[PDB]
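This text opens with one protein chain seen in two forms, each one given by itself as structure tokens under the names structure 1 and structure 2.
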Structure 1
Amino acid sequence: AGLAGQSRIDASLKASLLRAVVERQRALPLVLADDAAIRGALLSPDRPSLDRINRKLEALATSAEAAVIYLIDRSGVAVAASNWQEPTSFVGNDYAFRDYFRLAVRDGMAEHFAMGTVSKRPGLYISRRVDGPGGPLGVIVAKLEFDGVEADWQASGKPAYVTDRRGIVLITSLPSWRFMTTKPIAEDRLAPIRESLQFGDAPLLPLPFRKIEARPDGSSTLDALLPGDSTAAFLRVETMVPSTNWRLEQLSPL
């Protein structure tokens, strides 16, 4: 009973710190979209211009929590990236199938989680349409990765994971829960999610928690496997991540 109360406090602090990371990085694509140098490189994508944007994005990404910042042209090809010197450079790749590109193109802005296609690293993509005097020029994207957050959750001793409204695990202190599911997921909805490549080739399997037992207060007990450990019992609480479509669930070792 007192464990449930403390666990709520700890879950609420995790979700609070997580919202603030996201909300901090929403500002970055918004300021870069109105940037004359960005607009200019899309108007005239010459070598000198793209090299200047490459250097600028690299320095901007160094200073910010976002792992990667990149510039996509109107055709959906990335022309500049902060990781331009890396073997995993996003430059030259076609993005155009990603909702973060096509919803930004259509609506002015977009945001979603994905397993990256070049990096093979999961993240949140926050994107903004770049507009010119005569209309849409491209899309600027910030990719936020949550490795540091996950490591902190892990070191707390109360594992946690974050799901969308379909119940798919996006962010997790235990890597092997990633893109597994809290909810059942009907065969006709699974195929479209899989084919979209949002979560790469993840089979989207239910999370392997056993003897899940719902309690009056909203919590559940369950049996779970953590690395190096035999099966152990946990209390699970959940809370909203405000300013997102996400839910945080946290396990407390009994």
Structure 2
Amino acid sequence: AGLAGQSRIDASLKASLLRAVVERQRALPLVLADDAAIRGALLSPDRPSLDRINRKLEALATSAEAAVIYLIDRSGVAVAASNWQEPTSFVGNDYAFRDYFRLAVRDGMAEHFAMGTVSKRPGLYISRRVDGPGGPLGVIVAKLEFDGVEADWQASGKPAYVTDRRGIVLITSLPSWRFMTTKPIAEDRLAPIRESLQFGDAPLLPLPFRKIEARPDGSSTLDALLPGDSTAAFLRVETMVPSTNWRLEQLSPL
């Protein structure tokens, strides 16, 4: 009964890093939503305005370690992007129907975890409205991908993964386990989830766990196959990721 706590801090440590890596990101849209140059662009856009920003956002994505940062207009169209030089440049796409647009518009801020339309590449989409006098002038967006955290967490050998409240493995030190489940889903909500995750493909097959028995703590004994590794005795702890509505779980070996 001695791994319990040890794994329990290991987990609080993981959640914690993940809090901070999300917050690191969140600042970008935060400063950018008020930015006079961002603002300028949206009232009176012209070719040099939008170029300055394309670069301002290019340098920022680099320094912020963001996958993509892009500015969307009032209509839902992307106007400037970090990836503007890429063939995958998001400049000109229609995001009007994405929740990170519409929720940023309704609320001032929004965050939604999804699969890039073309990238098939998982991310937390973070957003903020840009206020106009009059009213909304557009939305700014930053995409956090989490290969860095995941490669941190592989580096422990307590494997770990993060679920949203529907029980869905969004972020994982074990690639294969991305998008499986902790909780039972039923008929009704299977296709709808696909939808929002932009991964109609998704398995929603449950992580290969047998012999779940809840030790007093709400920590659990556990038999897992890993990618490897036919079968394996293990310990499961949980923690809430502060600043998010995600859950973290760490399996400790024996």
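Please note that residue numbering is based on structure 1, beginning with 1 at the start of its sequence. The term rigid core refers to the most C-alpha atoms you can superpose between the two forms while keeping them within 1.5 Å.
The Cα shift for residue 214 between structure 1 and structure 2, taken after rigid core superposition, is 2 angstroms or larger. Taking 2 Å as the criterion, residue 201 counts as shifted between structure 1 and structure 2: its C-alpha moves by at least this amount when the rigid core is aligned. On core superposition, residue 15 has its C-alpha offset by 0.6 angstrom between structure 1 and structure 2. With the core fitted, the CA of residue 26 sits 1.6 Å away from its counterpart between structure 1 and structure 2.
On core superposition, residue 88 has its C-alpha offset by 2.2 angstrom between structure 1 and structure 2.
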